[PDB]
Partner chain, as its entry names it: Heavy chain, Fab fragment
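Here we start with a single chain on its own, the form solved without the partner chain, put down as structure tokens.
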């Protein structure tokens, strides 16, 4: 999928997690976010199109998805342990990462 479509998928699932009633809904949503983040990681964002693919900026852009995947893994862990509300609260941290990386590259 392209970068924009993967961003919509992340947004779609963040909202599902916020309104979720059970662990399956939260687990499934985090699972789809993780796959979209990994798909997005291979893209070149518009703002960095004139930089080399291996530049410090492109490496930082890719690192933003490694942070996001780590945060999703932490929330997935809690949801799998039946700590649903804790997983939903943990998922809010993804917004900090979104905000910091959007600030830089969106």
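Numbering follows the first chain given and starts at 1.
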Would you mind comparing 74 to 82 and 28 to 36 for me and telling me which has the higher average C-alpha temperature factor in the entry? 74 to 82
Is the mean CA B factor in the deposited entry higher across 14 to 22 or across 92 to 100? 14 to 22
Among the modelled residues of its chain, does the C-alpha B-factor of residue 58 lie in the lowest, middle or highest third? middle
Which third of the chain holds residue 5 when residues are ordered by C-alpha B factor: lowest, middle or highest? middle
Would you check the entry's CA temperature factor for residue 69 and let me know if it's in the chain's lowest, middle or highest third? lowest
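What follows is about the form deposited with the partner chain bound, which we do not show.
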Of 18 to 36, which residues get within 4.5 Å of the partner chain in the deposited bound form if you count heavy atoms? 34
